Amino acid sequence: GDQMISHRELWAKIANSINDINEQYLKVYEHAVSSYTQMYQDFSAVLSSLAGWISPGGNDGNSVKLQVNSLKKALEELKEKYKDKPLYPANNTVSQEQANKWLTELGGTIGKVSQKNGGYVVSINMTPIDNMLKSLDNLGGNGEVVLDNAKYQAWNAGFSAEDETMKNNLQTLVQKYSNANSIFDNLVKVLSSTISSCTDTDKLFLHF
């Protein structure tokens, strides 16, 4: 907030401030947001398929026929595709201590701390998908099961629940990203006044 250093150092620190945010805030969140988005976008593709996976067989209530295997197969391909996909860092490693930090800063439910090797990373939490598969596994024989209305709805409730858990974390990401912009903005705002005070402060010193 003053060091009575050249305007050269001030304009330099300012420029540096933009680089910091861009890499630690924007990029950091543009990845987590993109990563999660891509995944949920793959899950939404499953939902579209889910519609053609349900049919009647009452007779009738209407008892619902569900292609358990078909849904299980799709669901286990999604978790696979994003099983180890990381949210942070985008393309590097970190200390399990700093990895646990980031996770506790954007919630904790959204991602899961893990180690690849060379360090640690905060990967996507595949719990929602797991609970989904556990629910389907509990359904019964494969790869086609028929459940009365009460049973179907009860299941759909659980299923739908999981969906929203991801739908939520998805929106949250957008938050943690906008927050990064805030902190970065707060930075440049005071950094600027700093440079100027140095300038006016500097001028008095120059003036002295």
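Some details on the overall build of the chain
For the chain, the helix and strand inventory stands at 5 helices and 6 strands. Reading the secondary structure of the chain in the N-to-C direction produces α-β-β-α-β-α-β-β-α-β-α. Relative to its length of 208 residues, the chain is extended, with a C-alpha radius of gyration of 25 Å against a globular reference of 17 Å. Projected onto its principal axes, the C-alpha positions of the chain cover 95 × 35 × 20 Å. Put simply, the chain has 208 residues, and 34% of those count as buried. Taking all contacts inside the chain whose residues are at least 6 apart in sequence as the whole, residues at least 24 apart take part in 76%. Here the chain displays about 11,900 Å² of accessible surface, and carbon together with sulfur accounts for 47% of that area.

Here we look at the environment of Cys198
Looking at the element boundaries, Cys198 is found in helix α5 (residues 149-207). Take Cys198: its relative accessible area is 0%, and that puts it in the buried class. Along the sequence, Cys198 and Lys151 sit 47 residues apart, while their C-alpha atoms lie 71 Å from each other. Discounting residues that sit within four places of it in the chain, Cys198 has contacts with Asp2, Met4, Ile5, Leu10 and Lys203.

Points about the side chain of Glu162
Here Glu162 lies in helix α5. At 11 Å, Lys134 is the nearest oppositely charged side chain to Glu162, a buried residue that forms no salt bridge.

Some thoughts on the pattern of salt bridges
In the structure shown here, the tally under the stated rule is 8 salt bridges. Of the charged contacts in the structure, one is a salt bridge between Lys167 and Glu164, with a shortest N-O distance of 2.4 Å. Separated by 3 residues within a single helix, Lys167 and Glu164 lie in helix α5, roughly one turn from each other.

Notes on the packing of aromatic side chains
For the structure shown, the criterion picks out 7 aromatic pairs. Residues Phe43 and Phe159 carry aromatic rings whose centres are separated by 6.1 Å and whose planes lie at 40° to one another, so their mutual orientation is tilted. Note that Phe43 is positioned in helix α1 (residues 7-51) and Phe159 in helix α5, a separation of 116 residues in sequence. This pair shows no difference in class: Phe43 is buried, exactly as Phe159 is. Three or more aromatic residues joined by ring pairs form one cluster here, namely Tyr40, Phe43, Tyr152, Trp155 and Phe159.

Focus: the packing of helix α4 (residues 127-139) against α5
Running from amino to carboxyl end, α4 crosses α5 at an angle of 170°, the nearest separation of the two axes being 9 Å. It follows that α4 is roughly antiparallel to α5 by the angle criterion. You can see that α4 and α5 cross each other, and the crossing is left-handed. Of α5, the residues touching α4 (which contributes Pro128, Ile129, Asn131, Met132, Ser135, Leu136, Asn138 and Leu139) are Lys151, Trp155, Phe159, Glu162, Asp163, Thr165 and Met166. The residue inventory of the contact of α4 with α5, partitioned by class, reads 8 nonpolar, 4 polar and 3 charged.

Some details on the sheet that holds strand β2 (residues 64-66)
Taken in spatial order, the 3 strands of this open sheet run β1-β2-β6, and their pairing is antiparallel. Edge strands, defined here as strands with exactly one partner in the open sheet, are β1 (54-56) and β6 (145-147). The average angle at which neighbouring strand axes cross in this sheet is 35°, direction not considered. Strand direction decides the pairing type here: β1 and β2, joined by 3 bridges, are antiparallel. For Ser55, the partnering residue across the bridge sits in β2 and is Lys65.

Some remarks on the packing of α1 against α5
The geometry of α1 relative to α5 is characterised by a closest axis approach of 10 Å and an angle of 170° between their N-to-C directions. In terms of orientation, α1 and α5 fall into the roughly antiparallel class. The residue inventory of the contact of α1 with α5, partitioned by class, reads 30 nonpolar, 7 polar and 6 charged.

Rules behind the numbers
- Residues numbered from 1 in each chain as written, not as in the entry; some residues may be left out.
- Heavy atoms only, no water.
- Helix = DSSP H or I, 4+ residues; strand = E, 2+ residues; numbered from the N terminus.
- Rg over C-alpha atoms; globule rule 2.2 N^0.38 Å.
- Buried < 20%, exposed > 50% of the residue type's maximum accessible area, 1.4 Å probe, protein only.
- Contact = heavy atoms within 4.5 Å.
- Areas by Shrake-Rupley, 256 points an atom, 1.4 Å probe, with all protein chains shown as cover.
- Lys, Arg positive; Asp, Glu negative; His and termini not counted.
- Salt bridge = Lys/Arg side-chain N within 4 Å of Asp/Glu carboxyl O.
- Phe/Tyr/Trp six-rings, centres within 6.5 Å; stacked < 30°, edge-to-face > 60°.
- Axes fitted to C-alpha atoms, helices over the stretch in contact; angles between N-to-C directions.
- Parallel < 35°, antiparallel > 145°, perpendicular 65-115°, else oblique.
- Left-handed = near helix turned anticlockwise from the far one by under 90°.
- Nonpolar A, V, L, I, M, F, W, Y, C, P; charged D, E, K, R; others polar.
- Pairing = 2+ DSSP bridges.

All quantities given are derived from atomic positions and should not be read as evidence of function.
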